[PDB]
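> got the complex split up, this is the first portion:
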Amino acid sequence: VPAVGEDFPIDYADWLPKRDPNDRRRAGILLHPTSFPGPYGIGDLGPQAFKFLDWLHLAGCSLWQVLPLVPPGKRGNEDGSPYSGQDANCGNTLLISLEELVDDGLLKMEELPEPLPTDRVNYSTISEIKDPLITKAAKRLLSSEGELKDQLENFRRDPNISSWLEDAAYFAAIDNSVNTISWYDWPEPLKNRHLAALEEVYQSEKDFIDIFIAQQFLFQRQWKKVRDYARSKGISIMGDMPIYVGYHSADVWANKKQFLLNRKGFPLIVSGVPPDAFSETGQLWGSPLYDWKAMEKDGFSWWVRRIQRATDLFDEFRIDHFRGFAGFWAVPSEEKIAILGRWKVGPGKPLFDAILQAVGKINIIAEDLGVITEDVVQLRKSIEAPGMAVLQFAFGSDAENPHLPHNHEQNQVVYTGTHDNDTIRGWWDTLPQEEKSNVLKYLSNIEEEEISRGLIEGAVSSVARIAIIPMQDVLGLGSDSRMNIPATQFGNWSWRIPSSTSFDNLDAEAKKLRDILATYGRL
C-alpha cells in the first residue's frame, strides 16, 4: 500500500475481505463401507458405494468419513477391528466388490454365493466365503494379458506402492508358511531378513506373493473408482489412522530400527495410557513404540511414507491419540498392566515440518479426546490442526465443558458422536434424568421426542468448520446399531444398514439434512 496519508487507488472499496477456501463450512456422514447393505455378508466398494455417494450429494454433504481401511486383525477377539490392523498400508480385501470383479471378467456370475444373512457382519464366517473368490479373481488377473494386467504391472512397480507392498507381501507369505504367533519366533534367516532367505521365499511362495500383490491392486483400483466418483460429486473422503502399528506386521519386521526393540527384536517398552483416577490401573495397548530420536536423524522417512500412502487413499484424515506426538506413555514390555510406566517426550512439530517439506499441505485432524496436557494443545495449534468436539460428551460437567457449542472454535470438527459412542437415541435411553434435563435446557428447551434433531442441529449450527453425523442417527437407530463399545471384545464393527433400507428410499432424510445445511451455511 502507498505511504501513510497518500491516496489509495480509486478502486480501494473493491478490495473486499478474502474467504480462504480451506475455511469453507462442510458437513459429512460417518459410515464405514462394511456397513453398506447388500447380499454378500459385508459392505463393499461396489454398487452400494456409488448409491451412497449419490445420497450424500442429494443431502448436500461434502465429506464422507470412514474408519481405517486396513485388513483387520483376525488373531484375537479384535474380530473385524479397523484399529487392530495386520498392516498400516494395505487395504482390507473383504471390502473388494464381487459384482465389480464380475464387470471386470475376473469372476463369473455363477461363482458368486447365494445371498447371505444381511443384518450384521459375521466376522467368524465372512473370510471363508469371500477370500476364495478374491483369490480366484487375482489368479485370473495374473494370467490375463490386457489393460488390467498392464495396470497391475504399473501398480507393483510404482516406487511409492512398492515401498510398503513388497514387504507386506513377503511378510504375509512367511506368516502363512511359518505360522507362529509372532515373527519374534521366526527362523533366524527370515526373522532377520537374510537377503538369500528372502530370495528363496519368492521362489517357494511366488504364487502367494503374486496373488497378495494382485489383491492389493484390486483394492486400489476399486477404492480409486470410489474416490474419483466422490470427487465428481464434490465429496472429500476423511480417513483415520491409529498413531501406533501392531508388532506382528511388515511395518515393524521390515523397519525394525524405526521401533524401540532389543537386539532380539522384542519391544523394550509398549504403548498404553496411565490411570487418571480410572479403575486403579490404566490401559495396556501393547504396541511397539517409535524410536523418535532415530527417526529425526533420517527426516522421519518412515512417517513420511505412511502419510504419502494415507494421502493416496484420503483427502484428509484423523490421527488417533494425536497427544502421543507431544508426549506418550511407555510401559516396560514385561509388565502385564499400565500402572508402572513413564511419560516420554514426543517428536513435536519437527515431525510435521518434515511431512510438510516432503508431501506438502495435508488436512490432519487431531483426535484430542480425554485428559490432554497443555503441550498437546500447543502442538496442535502450532500446526493449525483442528481438534474434536463430541456433543454426547458436552452435558455431564459444567458450562466450561469444551464439547458444548458455545465453547467450539472455527478450526475444529464437531460430531454428535463417533463410532465409539452409542447412537443419539441409544445414548438418550441410558442418560441419567439430571443430564437429560441439562441437555434439554441447553438446546433451548426442545422436547425429548426431538432429541435426535436437536443434537444434529447442534452439530450443523456450530461454528466448527466440519460437522460429521453418523449414518445411524440419520436413520433414527438405537443401541442395536452402535458400531463399537471401547471396553469390549465382541459384537463390535458388525453394524450394517438393514437390507430393507435402500439409499433410493432415503430422499426425505436427504432433504431434512440438506435444509439445515442450507440454514447453517454448510451447503
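Yep, it's here. Numbers count the residues shown, from 1 in each chain, chains lettered A, B, ... in the order given.
> use CA for all of it now, contacts and neighbours both
Noted.
> hang on, residue A:329 is in a strand, isn't it?
Yes: assessed with DSSP: H, G, I helix; E, B strand; the rest coil, residue A:329 lies in a strand.
> That one and residue A:270, how far apart?
Per CA to CA, to the nearest Å, residue A:329 is found 8 Å from residue A:270.
> Looking at these two, which has the bigger crowd around it?
Neighbour count, other CA atoms under 10 Å: between residue A:329 and residue A:270, residue A:270 has more, with 25 against 21.
> quick one, what contacts the more buried one?
A:284-289, A:330-333 (CA atoms under 8 Å, 6 or more residues apart in numbering).
> now with 7 Å?
By CA atoms under 7 Å, 6 or more residues apart in numbering, the contact set of residue A:270 is A:286-289, A:330-333.
> Surely it forms part of a helix?
No: using three-state DSSP, the assignment for residue A:270 is strand, not a helix.
> hmm, back to that, go through the contacts of residue A:270 and name the one nearest residue A:48.
Nearest to residue A:48 out of those is residue A:287 (CA to CA; 35.0 Å).
> what's the burial count for that closest one?
19.
> What values do phi and psi take at it?
In terms of degrees, to the nearest 10, the main-chain angles of residue A:287 are phi -70, psi 160.
> Look up how far residue A:320 lies from the most centrally placed residue in chain A.
Against the mean C-alpha coordinate of chain A, by CA atoms, centre = their mean, the closest residue is residue A:240 at 2.4 Å. With distances taken as CA to CA, residue A:240 is found 7 Å from residue A:320.
> before we move on, back to that, let's have the contacts of residue A:270 in CSV, adding distance to residue A:86.
Listed next are these as CSV, based on distance: CA to CA, whole Å:
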residue, distance to residue A:86
A:286, 15
A:287, 12
A:288, 14
A:289, 17
A:330, 22
A:331, 22
A:332, 23
A:333, 20
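> Let me know the closest of the residues you listed to residue A:364.
Using CA to CA, the contacts of residue A:270 come closest to residue A:364 at residue A:289, 21.0 Å.
> in terms of contact, does the closest one touch residue A:261 like I think?
No: Residue A:289 lies out of contact with residue A:261 (CA atoms under 7 Å); the separation is 8.5 Å.
> Give me the more crowded residue out of those two.
Using other CA under 10 Å, the more surrounded residue of residue A:289 and residue A:261 is residue A:289, with 25 against 19.
> all strands of the stretch 51-200 of chain A, in order?
Assigned by DSSP state E, counting those that start in this stretch, the strands in the stretch 51-200 of chain A fall at A:63-65.
> what about the helices in it?
Under the criterion DSSP state H, counting those that start in this stretch, the stretch 51-200 of chain A contains helices at A:98-104, A:126-142, A:147-157, A:159-178, A:188-191, A:195-204.
> Now mean neighbour count and distance to residue A:92 too, for the ones you listed, in a markdown table please.
Rendered in a markdown table, the data for these read as follows (neighbours: other CA atoms under 10 Å; distance: least, CA to CA, whole Å):
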| stretch | mean neighbour count | distance to residue A:92 |
| --- | --- | --- |
| helix A:98-104 | 17 | 14 |
| helix A:126-142 | 18 | 11 |
| helix A:147-157 | 15 | 17 |
| helix A:159-178 | 18 | 13 |
| helix A:188-191 | 16 | 25 |
| helix A:195-204 | 13 | 23 |
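> Determine which of those approaches residue A:342 most closely.
Nearest of these to residue A:342, taken as CA to CA: helix A:188-191 at 29.8 Å.
> Packing partners of the closest one?
helix A:195-204 (3 or more CA pairs under 7 Å, 6 or more residues apart in numbering; DSSP states H and E).
> Further, place chain B onto the existing structure:
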Amino acid sequence: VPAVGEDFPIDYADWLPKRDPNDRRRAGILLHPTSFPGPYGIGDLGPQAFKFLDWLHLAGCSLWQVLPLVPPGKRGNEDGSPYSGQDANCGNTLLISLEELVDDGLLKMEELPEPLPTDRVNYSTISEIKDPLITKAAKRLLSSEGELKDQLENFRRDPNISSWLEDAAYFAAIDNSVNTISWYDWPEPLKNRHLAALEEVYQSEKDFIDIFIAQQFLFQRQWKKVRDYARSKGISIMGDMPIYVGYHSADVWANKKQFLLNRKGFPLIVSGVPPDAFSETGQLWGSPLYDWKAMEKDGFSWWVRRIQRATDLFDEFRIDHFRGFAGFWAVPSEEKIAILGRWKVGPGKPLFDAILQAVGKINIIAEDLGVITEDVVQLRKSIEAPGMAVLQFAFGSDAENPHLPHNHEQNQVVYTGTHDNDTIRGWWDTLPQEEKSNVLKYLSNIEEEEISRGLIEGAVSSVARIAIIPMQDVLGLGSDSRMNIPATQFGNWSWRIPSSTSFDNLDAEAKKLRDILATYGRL
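Placed with the earlier chains, chain B looks like this:
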C-alpha cells in the same frame, strides 16, 4: 521440555491446558447513564447508578457499556448526541448528580428543583435547569478549604489531567466571551494562542476557567465512585470513542499541527464515507482529519494522551469507524457532498505499537460494521482486537452473513442491536414477512411471541467472548424506546427508563438473564 524420547517428570499429567483470563466469557448491558430514571430531567451518576450496578450484579452481568461521556454538541440539531461532543476528554456536566452534591455539602436540599417530567430527556430545557446548580456547587467547592478543595488541587495539577483540561477550560472561556460559530473567526491573538493573550484570558475569565475546572473535577469524582462501585461488583465499564473530533474544540484549536489545516487554520479535507450504491451521494461528516504523517514523527503523542484519558474512565472501549486507521475517506472542505473524495492510507499498526509502548495493553473493540476492505480485517487481526456481530443485521442476506451466530468467532462482541438499532420488538414489528420466516427458521423454529428471548439467547449462546444486550430489550420495550435513528436530527438520545420502573422491581428480569448466562458459560 527434555530431549525427544526422554522421560518427562512424574507429574506430567498435571500440566492441564491454561484458560487465559482475557478469554473469559462475559455478558453486559448497554445503558447510557442519561437513561437512568429519577426526578431531575436526566439520568446522573448518583443513587440510580448504584442501584443499576446492584441489578447488573444480581443479573450475573460483568460488563456495562455506555456511549461517549463527553459534553454533547448544543450547537445544531445534534441535540444531546454523545457522538457530536464539544471536547474529546471532558465529562458531560449534565451527568453530575445533584443528590451527591447535597451529600457533599456543595448544594442545599432546598436548592434542588421540584420533580421534572420523567419520560424523556428534554435537551432543549435540561441545561437551563441543571447548569446553574452545577455552577453553584463548583463555586462553593472553589471557596471551601477541606478535603474536597485539596482533591480539586491534586486533580487540576495532575499532568495527565492538565494535558487536556487547561486547553479545554481556556477554549470554553474564549468561546463564551467571543461567541463566534467557530474559533476560525476568533481575534488573531486568541485564534493563534499568543502567550500574552492567553495570560490576559486567565486574568479576565479567571472565575469562568476556575469553575469549568471545578465542574470537571466534580464529574471525575462522581465517575470514579461509580467505576470503583462497579469494580467492587465484578463489573467492567466499556466506553466508546468516535475516531474523529469536532473542528470547534480545544482538541483542534490547541493541537492544530495534529490536523490537516491550511495556514489560516481551515480544514483542507474533511471526513465522510463515499457512496456504496447508496442514494447516489454518501455521507459528509465534516470533521477535520489527522495529519497521520506528522503524528508518526512524535510517536503519536496526541493519540497516546487520548487513550490515557479513555483508560482513566473505562476498563475497555470501542473505537467507532475503526476502518479509518487502515484507510479513510477525505472530502475537499469546499465540497457540500461526499461524492468527490479519495481513500487515503491510514496509520495502521504502528499507531497501536506506540499506544502499547506508552500505555500497556488496552481491550479496544473495533467497530467494523458496513462495507470494510481486506486491509481493515488484516489491521484488526494484527492487533488482536475483537470486531462486532449485530444479530438484527444477520437475517436479510444469505448463510454467509457474518452476523449469523454460526459465523461468529471467539474474539468478537455480539449484540442483539446497538443504540443505532431499534429494540428487538420494534425491529420485529417492521420486519418483512420473508425475513421474519428466515429468523424463526434460523432460531430452531421458536414462536414469534418469543422473538426477544430468541435473539437474547442467540447472543448469550454465541462463541463470542462478550455478549451485550440493550436495557430496552430486557424491559421488553418497542420503537418508542429506540435510542438513535442514524438518519435523523430530532427525537434521539432522549430515552429514559420510565419513572414507574425501578431496579428493585426487576428481580424477575435479573433471574431470567442470570439463568441463560449460567447455561451458556458467561457467569
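> so, the contacts of residue A:270 revisited with chain B in the model?
Residues near residue A:270 by CA atoms under 7 Å, 6 or more residues apart in numbering or on different chains: A:286-289, A:330-333.
> I figured the residue nearest to the centre of chain A was touching residue A:321, is that so?
No: contact criterion CA under 7 Å: residue A:240 and residue A:321 do not qualify, at 11.0 Å.
> hmm, back to that, tell me the buried residues within the contacts of residue A:270.
Among these, those buried by neighbour count (16 or more other CA atoms under 10 Å in any protein chain shown) are A:286-289, A:330-333.
> between those, which is closest to residue B:21?
Using CA to CA, the buried ones among the contacts of residue A:270 come closest to residue B:21 at residue A:330, 34.6 Å.
> That closest one and chain B: what is the separation?
As for residue A:330, its distance to chain B is 9 Å (criterion: CA to the nearest CA, to the nearest Å).
> What residues does that residue make contact with?
A:269-272, A:341-344.
> Adding distance to residue B:169, write those residues out as JSON lines.
Shown next, in JSON lines, are those (distance: CA to CA, whole Å):
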{"residue": "A:269", "distance to residue B:169": "79"}
{"residue": "A:270", "distance to residue B:169": "78"}
{"residue": "A:271", "distance to residue B:169": "75"}
{"residue": "A:272", "distance to residue B:169": "74"}
{"residue": "A:341", "distance to residue B:169": "74"}
{"residue": "A:342", "distance to residue B:169": "71"}
{"residue": "A:343", "distance to residue B:169": "68"}
{"residue": "A:344", "distance to residue B:169": "68"}
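> Ramachandran angles for the nearest residue to residue A:4 once chain neighbours are set aside?
Of all residues not flanking residue A:4 in the chain, residue B:345 sits nearest, at 5.0 Å (CA to CA, 6 or more residues apart in numbering or on different chains). As for residue B:345, its main-chain torsions (degrees, to the nearest 10) stand at phi -80, psi 120.
> Touching, residue B:345 and residue B:290? I think so.
No: with contact defined as CA under 7 Å, residue B:345 does not reach residue B:290; the gap is 11.5 Å.
> What are the boundaries of the helices in the stretch 351-500 of chain A?
A:374-382, A:424-429, A:433-442, A:451-460, A:471-474.
> Sort out which one of the contacts of residue A:330 lies nearest chain B for me.
residue A:344 (4.5 Å; CA to the nearest CA).
> burial measure for the closest residue to chain B within the stretch 51-200 of chain A, as a count.
In the stretch 51-200 of chain A, the residue that lies nearest chain B is residue A:60 (14.4 Å; CA to the nearest CA). For residue A:60, the count of nearby residues is 25 (other CA atoms under 10 Å in any protein chain shown).
> thinking it is in contact with residue A:515, fair?
No: with contact defined as CA under 7 Å, residue A:60 and residue A:515 do not form a contacting pair (8.8 Å).
> possible to save the contacts of residue A:270 as JSON lines with distance to residue B:102?
Shown next, in JSON lines, are the contacts of residue A:270 (distance: CA to CA, whole Å):
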{"residue": "A:286", "distance to residue B:102": "80"}
{"residue": "A:287", "distance to residue B:102": "80"}
{"residue": "A:288", "distance to residue B:102": "81"}
{"residue": "A:289", "distance to residue B:102": "78"}
{"residue": "A:330", "distance to residue B:102": "74"}
{"residue": "A:331", "distance to residue B:102": "76"}
{"residue": "A:332", "distance to residue B:102": "80"}
{"residue": "A:333", "distance to residue B:102": "82"}
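> Show me what from the stretch 301-450 of chain A comes close to chain B.
Contacts of the stretch 301-450 of chain A with chain B, taken as CA under 7 Å from any CA of the partner chain, map to A:342-347, A:372-374, A:399-400, A:406-408, A:442.
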